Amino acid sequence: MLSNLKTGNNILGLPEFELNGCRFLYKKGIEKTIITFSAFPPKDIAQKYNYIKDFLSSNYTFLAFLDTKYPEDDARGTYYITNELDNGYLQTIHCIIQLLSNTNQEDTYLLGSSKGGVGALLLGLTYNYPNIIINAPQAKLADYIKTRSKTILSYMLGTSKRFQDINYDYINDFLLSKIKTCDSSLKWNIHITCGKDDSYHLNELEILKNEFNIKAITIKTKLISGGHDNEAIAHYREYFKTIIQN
């Protein structure tokens, strides 16, 4: 029962739930369903739910998800991938949305920036959520984790020295594989913004663009002001409300 999944935490008035290690906020509304994904916080700062305030007065249905809770000594998430390096966590998220949401797929919108934007792509490409509006995702996931936490990278590569390189390449390509194996017949509605000064992630977008191109899937991109920073996020927020409100 939903009320028995509560953790005792409360974010801006919304009670937190947890199911199968997956923490989420939920507010039931009407007309549309809004889904958001957490990005990396600073070291020793708790993972944060995204874009609550944007939809506090919206009265749409709202779900916000965090990343995984391991490794315990730097618990900032493993890019929505299980410690078995499989889809178990995304499967849990999909079940929560499908059973708690009161709109259909075409009226559901997936949001997130950076790691949060990768999480939106991972879920939406696996389970055919067509509306994905994100900012500055990575393409090569292991390369980026390496720059943010050596502790998380070494946890995900595992203790066997022989499979560390193998696991690194598998993680690096986990998002690119989802594009390679997604359903080309769906009427995808994918939007990807990126700061014009975000030279690293501008190149990452070119990698994603190429993978969609050889799949004959058309996406929308938009250059916004800023780097990989709060200035870009401020414009990305402005961008997704105008797309959603129209």
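All residue numbers refer to positions in the sequence shown, first residue = 1.
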| task | Averaging the C-alpha B factors as listed in the entry, name the stretch that ends up higher: 110-118 or 159-167. | result | 159-167
| task | Using the B-factors recorded in the PDB entry, average over the C-alpha atoms of 15-23 and of 229-237, then report which stretch comes out higher. | result | 229-237
| query | Which has the highest CA B-factor per the PDB entry: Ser184, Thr33, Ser38, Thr68? | reply | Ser184
| field | Entry-reported Cα temperature factor of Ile190, expressed as the chain third it lands in | value | middle
| Relative to the other modelled residues in the chain, which third contains the C-alpha temperature factor of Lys215: lowest, middle or highest? | highest
| Lowest, middle or highest third: where is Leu63 by Cα B-factor in its chain? | lowest
| note | Chain-relative C-alpha B factor for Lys48 (record values, thirds): the lowest
| task | Could you look up the Cα B-factor of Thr92 in the entry and say which third of the chain it sits in: lowest, middle or highest? | result | lowest
